[PDB]
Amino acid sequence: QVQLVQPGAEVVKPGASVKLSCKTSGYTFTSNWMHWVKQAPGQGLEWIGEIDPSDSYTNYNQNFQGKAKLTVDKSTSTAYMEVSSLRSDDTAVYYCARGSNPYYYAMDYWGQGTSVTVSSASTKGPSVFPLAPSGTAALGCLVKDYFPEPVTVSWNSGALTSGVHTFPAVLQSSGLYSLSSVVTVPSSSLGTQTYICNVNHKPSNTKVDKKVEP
């Protein structure tokens, strides 16, 4: 069966370059053109270009000439894209997609995409601050100043799951991510039971637990 394997994520320093890999299996690599698709956070699909693995012929989106260079290695059935002179707006999920043959059957198989983050920050654990509550009431934890993505937030070791909202992580002007996780609980339970948010940051091997008190 057709597989287009891409690495999950990569953190690259601005100004440098990165060579994204797309390793195929389940078909003859030289039988299908390979496409690459950019998706900046929250935005749409942007087409970068295409390459014919038989002779490495390439056609680029005009806005990526000199920014992205497609190549191919037939011996390992793997397509590559090299993005150079990385800046913050190159932060995107980059997909490889196999073009069908005949071409008018569209891109039938897509890779999982490589989440590329362009930032100069170093691996840093998060600071967790309580969102103190004040019928139904809301309380939460402010997960601030960590890099890179992602963090996992649990409530009471996984016992409290209903009513929980872990918002997407925003990016601040300092280059670090900031995230809020909230949960609504009955007001009667306030002052009685305890509420603890369990923040785990895998890249920095940091685990933080914070009790949320009114």
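Just count from 1 along the sequence shown to find any residue number.
Unmodelled stretch separating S120 from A121: none (count of deposited-sequence residues without coordinates).
Stretches 65-73 and 160-168 differ in mean CA B factor, with 160-168 having the higher one.
For the pair 136-144 and 103-111, the record assigns the higher mean C-alpha temperature factor to 136-144. By the numbers in the PDB entry, the CA B factor is greatest at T192 among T24, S17, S21, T192. Of the candidates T184, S31, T58, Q43, the deposited coordinates give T184 the top C-alpha B factor. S174: CA B factor in the highest third of modelled residues in this chain (values from the PDB entry). For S188, the recorded CA B-factor ranks within the highest third of the chain. Only modelled residues enter the ranking.
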